[PDB]
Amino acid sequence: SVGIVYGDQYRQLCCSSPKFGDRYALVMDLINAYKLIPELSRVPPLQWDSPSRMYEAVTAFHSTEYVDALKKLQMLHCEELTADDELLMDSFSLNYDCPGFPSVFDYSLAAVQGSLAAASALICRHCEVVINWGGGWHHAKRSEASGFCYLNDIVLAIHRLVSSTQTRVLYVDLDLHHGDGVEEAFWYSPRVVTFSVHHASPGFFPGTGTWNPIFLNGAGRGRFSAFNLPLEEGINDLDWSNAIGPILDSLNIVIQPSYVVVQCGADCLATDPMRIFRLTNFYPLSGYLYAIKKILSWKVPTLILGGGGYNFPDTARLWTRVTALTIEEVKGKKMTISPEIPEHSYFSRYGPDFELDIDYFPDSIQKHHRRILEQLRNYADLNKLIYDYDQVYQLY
C-alpha cells in the first residue's frame, strides 16, 4: 500500500516547535480535507522498550554525549542556564538557529521515530511507498545541530534500510538547501549514493554542495558516491526539471537501488519567503511532481520525507499534491482534487483566494551534466557495476 506517518501524539510533537509551529497540522489537515486519508495506510511512529533501546537506536549515528546534551537542554528548558551549561550546549551548536525549547528533545526524537517506522514498513513489504511529512531533517550531524535540525532521521532511516539484509540506497534531496548532513554520514559508503540539487552561492547556508577548484564527491571506498547539482537563483519548473531528470534516470539505471529515499523540502517554491527558486505545485508542471513521478515509475520501494518549507499553507498545497500523486502512481487509481481549498479547520489560512494552485506567475547545466556523467562512470568502475554506457549517455 501507500503508507503515511501520523498519530495524535505525533501531531502534537511535530507542532511544538517555535520555528515550524503548526505547519505539520496544516499539511495533514489539507490531506484529510481532500479525502486522501482513507486511501492511505497509517504508519505509527516507532516506540521503544527502554531508554537503552532508544539510545542504541539514535547513537547508530549520533554520539551519546550529543544525545545526553540534547536531553539535558530539554530538561533545562522545562524550568536560566549556568555558564558551564552554556559552554556545554555551545560545543554541540545547540544555539542560535538550533536553540532549546521545552520539548526540543521529544520534538526531535519524534521525526526519528516516524522515519524509522517508515523504513520498517518498506522493509517488511507492508508498503511500497511511505510518506513522512514530519521528517526530513537533513542538516543534523553526528554531534552538532544545524539548520533547525537536531537529530538526523534520514541518516537513521537509511542506516536501517541498508542493514535490512547487496542492499543499495539512492538518496535524492530536492530541498533548496544542500543535504550536507546526509552526505557527510555516508561519505565513505558506496552502498548509499547521495544526490542533492540546491541553491549554492557565497554566504548561503550551509555552504557545501559546490565547487571547492573541484567537487569533492566521497572518500575511501565511498569515492564518487556523493553527487551534487548547484543551481543559480530564479530557476523555474522547466529548467530545474530538465536539469535533474537525466541525472535521476541515469542514477537509477547504473545504481539499481534497492530503495529510494527522497527529501522533498518545499522551500524551492516561488512563494516561499526565501524566494530563491521559482518552482510551483502546478499539475496541468511542478518541478517537484515531475521528479517524484519519475522516481516512482522505477517501481522501487520509496520513502518520501518532508524538509524546509516556510510558507506553511503553500507547503501544504505542495505536499497534498505529492500525496495524491504517489497514490495515483502506486495504486493506479485516479485522484481528483478540486482546484478550490475544501472547508476545514485551517480553511482561513489559505486566503484570500482559497485555491490549491499557489499564487504565482511563472550552458552551466551542460557542464555539470558532463561532470556528473564522468563521476557516475567512475563510481560504476570503482564498484564493478554493469550497465550500457551509451544507454545512459543518450538520456542527455
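All residue numbers refer to positions in the sequence shown, first residue = 1.
*Asks:* Can you say how many deposited residues have no coordinates in the span between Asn212 and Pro213, choosing none, 1 to 3, 4 to 9, or 10 or more?
*Replies:* Count of unmodelled residues in between: 4 to 9.
*Asks:* Neighbours in the displayed sequence, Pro362 and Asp363 may still hide a gap; how many deposited residues lack coordinates there, none, 1 to 3, 4 to 9, or 10 or more?
*Replies:* Gap between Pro362 and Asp363: 4 to 9 unmodelled residues.
*Asks:* With respect to the recorded C-alpha B factors, which stretch has the higher mean value, 351-359 or 28-36?
*Replies:* Looking at the recorded C-alpha B-factors, 351-359 comes out higher on average.
*Asks:* Comparing 174-182 with 237-245, where is the mean C-alpha B-factor higher?
*Replies:* Mean B over CA atoms: larger for 237-245.
*Asks:* From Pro313, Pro301, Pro206, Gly306, can you pick the one with the highest C-alpha B factor in the entry?
*Replies:* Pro301 has the highest C-alpha B-factor of those listed.
*Asks:* When the CA B-factors of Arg168, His138, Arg221, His159 are compared as recorded in the entry, which is the largest?
*Replies:* Spelled out: the listed residue with the top C-alpha B-factor is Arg168.
*Asks:* Would you please rank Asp106 by its C-alpha temperature factor against the other modelled residues of its chain and give the third it falls in: lowest, middle or highest?
*Replies:* As the PDB entry reports it, the C-alpha B-factor of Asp106 lands in the middle third of its chain.
*Asks:* Within this chain's modelled residues, let me know which third the CA B factor of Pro284 belongs to: lowest, middle or highest.
*Replies:* Highest third of the chain for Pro284's C-alpha B-factor.
*Asks:* Just say lowest, middle or highest third for the CA B-factor of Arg23 relative to the other modelled residues in its chain.
*Replies:* Within its chain, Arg23 is a middle-third residue by C-alpha B-factor, going by the deposited values.
*Asks:* If you rank the chain by CA B-factor, which third does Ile255 end up in: lowest, middle or highest?
*Replies:* Its C-alpha B-factor, which the entry lists for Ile255, ranks in the middle third among residues of this chain.
*Asks:* Please rank the C-alpha B-factors of the chain's modelled residues and tell me whether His62 sits in the lowest, middle or highest third.
*Replies:* For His62, the deposited C-alpha B-factor lands in the lowest third.
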